[PDB]
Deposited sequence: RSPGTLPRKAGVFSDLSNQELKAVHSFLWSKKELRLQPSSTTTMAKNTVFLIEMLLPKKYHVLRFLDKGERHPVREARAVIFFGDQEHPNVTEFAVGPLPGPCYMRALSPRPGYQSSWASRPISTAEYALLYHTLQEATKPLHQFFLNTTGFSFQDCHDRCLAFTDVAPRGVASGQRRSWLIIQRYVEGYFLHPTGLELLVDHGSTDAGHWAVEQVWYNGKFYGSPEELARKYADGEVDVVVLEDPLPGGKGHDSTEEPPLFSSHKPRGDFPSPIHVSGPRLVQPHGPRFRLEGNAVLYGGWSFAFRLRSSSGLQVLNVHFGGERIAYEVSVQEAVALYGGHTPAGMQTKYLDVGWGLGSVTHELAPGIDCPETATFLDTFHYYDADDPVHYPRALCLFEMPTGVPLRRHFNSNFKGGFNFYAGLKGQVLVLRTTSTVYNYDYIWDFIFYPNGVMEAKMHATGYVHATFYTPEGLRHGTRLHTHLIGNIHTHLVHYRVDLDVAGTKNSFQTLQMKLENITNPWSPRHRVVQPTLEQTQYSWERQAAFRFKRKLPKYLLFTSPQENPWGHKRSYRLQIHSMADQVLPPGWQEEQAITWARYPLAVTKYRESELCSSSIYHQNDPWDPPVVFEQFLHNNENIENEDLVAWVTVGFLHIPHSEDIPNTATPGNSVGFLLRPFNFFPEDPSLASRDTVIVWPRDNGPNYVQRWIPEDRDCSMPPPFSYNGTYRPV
């Protein structure tokens, strides 16, 4: 269990140790992230940097030494003539002595433009807007009752969309202006503004274009003028500030059948049945470690069942929302969430709501756009829950008014969960473990939709959800890395299909038997195992070991994809270079340390020329027979918003993911070791014998009272 520490995130202490070491190098001229100038040197991100798999596996499987522990440190070098972003690996931990180059990209010049936005930058943007929009002040008051200057409880706000321009190196953002009320995401005013904020001197920043209610205007002054001269068809918004605001979660309406009491709840009188210690988990047959990468999010590592490895890594790689729109902001929006620290917006899970009251809730620390490491309460939870459906059951009838036996095993699952709330949407990320060796990855979508100001032309790109509101059409796409090591590193990939044959009926020569047969297809090269959305995806996608089970069949795990995704952008066109993985519901690559990730934090702001292009992993078309393979999986769905998305998108029917299922891996059902199985047997002239291996439970316990903090701060 101490071995799982190799996969563990950095502690508050280690984050501080790395930050202090960076600050001790006076030549870096490092300033705090909150300093409100772009022309500064700052440490933007610090997170644990996984050691090489070769070394980890020798540590884990061969008794060799613990690999050196390091942190990734991303430094924004704004305080120089040619600003750039450079990454380092800082180590060792404990006792940092060195910073070495990490992911160097020599000859690329747009790193500064590619960098994530930051709190300091937002503050300066708000300053830029307050000055630049002064001509529109009276316009603001007349059309909205809110303002940017001299506001207190009636402030305008903005939401920036990305990417930021039409080509690599640009940092020109469209901004959707909204009223800052409860659920402000759903309150666009009809104004959108394009700001060039590329220069490290914010005094050079300019609103270069203005869109209001269907027309472009060139500058704030021009719109002000034309409005003053009565030449603008404006939409005067009603006052927002008894009934709840449409964008509030507050209850309204009544069901015809009143519900006055709390619903059923999980109790756990015996406590957890899994063993969670640090980042190590044991649960029946299962053994795995986890981590929460601040940049990209949740990972489960070194996953075993039955004491045998199944997967070295399963991890979220990227999550995107690709929009169409009638407004410039809407037609600009391709959100890539790793560009926003998908793994560090893991905000507090509410006990009894976000996870069961019986869950184990876990804190973490993140250092992402911060002056010090920040404590995130209840960032993750781990819990066992009844699925409501038995894992297996059978009624063995005697067909004479009775039975020979009933047998059943109550359905339970272990769930590891976190969330990501960057801004409007809340994604819920689950890794789920079933007692029979099946594991499942799942994303659910909830929170607020990305929405723009209603005009009639908007109906070609979305749905009217309220008086002044359009929910823009978009597609959610998530990419997963699935480094399966089925019973070991060396695997192959094959598929199975049903194929009909047409033979002479062997017992009636005058007749035919047209019937299913089992067809196996082997795959030798990466390109053969790169399935595009147009291609027919076989029903059995198997990752196999050369080892056979006792019945002569190769030991395999099957990948089963649950998705409504499709090709969204045209392959090869401009920003689509950022998301070439989204060409493939499944693609298989040969493992490589230079190919651990399909995305990065830089992809959002330079989608034209990003540091990783997944398609390039397929270029060399490597042999994949008896090799360390990585499966990569795209899942997602088209979301055409509808009125039921107000105030929030709901989770029912809004999840996607995949299952990993053993297929001839174990000699028989691996859940047979469960002692929860019950078999009822008849007895002549008596009550039935209920055979158990664990006593019947009716015990009771109570969860702690509900609490919720809502703050996240350094400790």
| query | finding |
| --- | --- |
| Non-modelled portions of the deposited polymer sequence, in sequence order | 1 to 6, 248 to 257 |
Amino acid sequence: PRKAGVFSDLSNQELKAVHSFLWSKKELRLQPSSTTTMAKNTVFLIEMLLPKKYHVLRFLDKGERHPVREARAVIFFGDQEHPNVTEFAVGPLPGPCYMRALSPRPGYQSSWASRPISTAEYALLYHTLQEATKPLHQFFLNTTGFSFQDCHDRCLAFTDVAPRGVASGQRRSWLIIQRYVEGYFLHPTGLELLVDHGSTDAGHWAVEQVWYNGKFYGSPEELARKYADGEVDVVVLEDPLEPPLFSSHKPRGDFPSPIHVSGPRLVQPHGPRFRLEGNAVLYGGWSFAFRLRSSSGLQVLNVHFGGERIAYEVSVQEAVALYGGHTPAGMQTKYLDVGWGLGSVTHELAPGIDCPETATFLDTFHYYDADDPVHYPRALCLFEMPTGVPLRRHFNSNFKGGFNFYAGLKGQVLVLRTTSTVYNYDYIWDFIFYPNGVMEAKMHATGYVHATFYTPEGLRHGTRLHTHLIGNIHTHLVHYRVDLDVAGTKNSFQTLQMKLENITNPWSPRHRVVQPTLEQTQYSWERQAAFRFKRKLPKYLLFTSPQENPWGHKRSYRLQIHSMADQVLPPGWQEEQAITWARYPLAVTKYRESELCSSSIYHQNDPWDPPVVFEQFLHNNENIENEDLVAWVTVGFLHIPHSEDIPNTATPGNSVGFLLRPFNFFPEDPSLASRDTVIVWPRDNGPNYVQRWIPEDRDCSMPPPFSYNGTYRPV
From here on, numbers count along this sequence of modelled residues.
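Definition used throughout: the rigid core is the maximal C-alpha set that superposes within 1.5 Å between two forms.
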property	result
Higher-deviation segment by CA RMS in 4 other deposited structures of this protein, core fitted, 296 to 304 or 98 to 106	98 to 106
Positional deviation of Cα atoms in 4 other deposited structures of this protein after core superposition, greater for 143 to 151 or 312 to 320	143 to 151
Third-or-more of other entries without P240	yes
Of 84 to 92 and 579 to 587, the one with larger mean CA B-factor	84 to 92
Of 226 to 234 and 247 to 255, the stretch whose C-alpha atoms average the higher B-factor in the entry	226 to 234
Maximum C-alpha temperature factor, selected from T333, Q109, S315, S556	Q109
Criterion, highest CA B-factor; candidates, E627, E131, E622, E348	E131
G458, C-alpha B-factor rank within chain (lowest, middle or highest third)	highest
Relative C-alpha B-factor of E440, binned into the chain's lowest, middle or highest third	lowest
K499 CA temperature factor, ranked by third within the chain	middle
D669 - which third its CA temperature factor falls in, relative to the rest of the chain	lowest
Third of chain Cα B-factors occupied by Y283	lowest
